[PDB]
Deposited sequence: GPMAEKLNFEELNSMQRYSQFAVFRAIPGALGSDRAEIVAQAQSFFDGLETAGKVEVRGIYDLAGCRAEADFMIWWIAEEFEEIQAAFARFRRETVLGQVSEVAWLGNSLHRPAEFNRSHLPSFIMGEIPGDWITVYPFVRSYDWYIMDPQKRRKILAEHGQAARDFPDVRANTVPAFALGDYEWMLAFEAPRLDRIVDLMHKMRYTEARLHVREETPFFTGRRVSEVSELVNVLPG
């Protein structure tokens, strides 16, 4: 541990009729942008995800992590400004979180990202934090134990206070989507469900190897 890492799930919705039918130059420009980000060494793009078919207001997602938040701001603004892909898309939702130095987030461990991801914000009940620490730790122990049968699903739980309307950001990565569905269904059977205020919206996506795969399927 002992590392500071802001994380961002930037969710974009494609504007129909704006991308056009000739997309080779757009693909090349977006790929050059991401290669420049990678060679700069400040912002690490953990993944690019196709959100088609998940919900009506989202089309794709970029999950990237940087040591400072201003670097994420610069990368996000540059993506929206200097690339055609960012110019023909609307920002639908932004999930920001900060990891500060037991169990650590999967992206902190450096694990290989899974094929499928689900991402959602999380807000606990008002009395959750002032609850007796004995009871809170027991509830959290049961909640964690409920995920013992899913070693293939990696979980990221990162604090998100003051970086949005939420308190935590949760991200599940799995080779198969049905494993994520089963994990959520089984986690419904826990006492921690009694201390939940907000858990929406959900964003479920498939990791693409390169930006060309994403661009070639966007509408318009």
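*asked:* So, counting the deposited sequence from position 1, which segments are absent from the coordinates?
replied: Since the structure holds only modelled residues, the stretches it omits are 1 to 12, 114 to 118.
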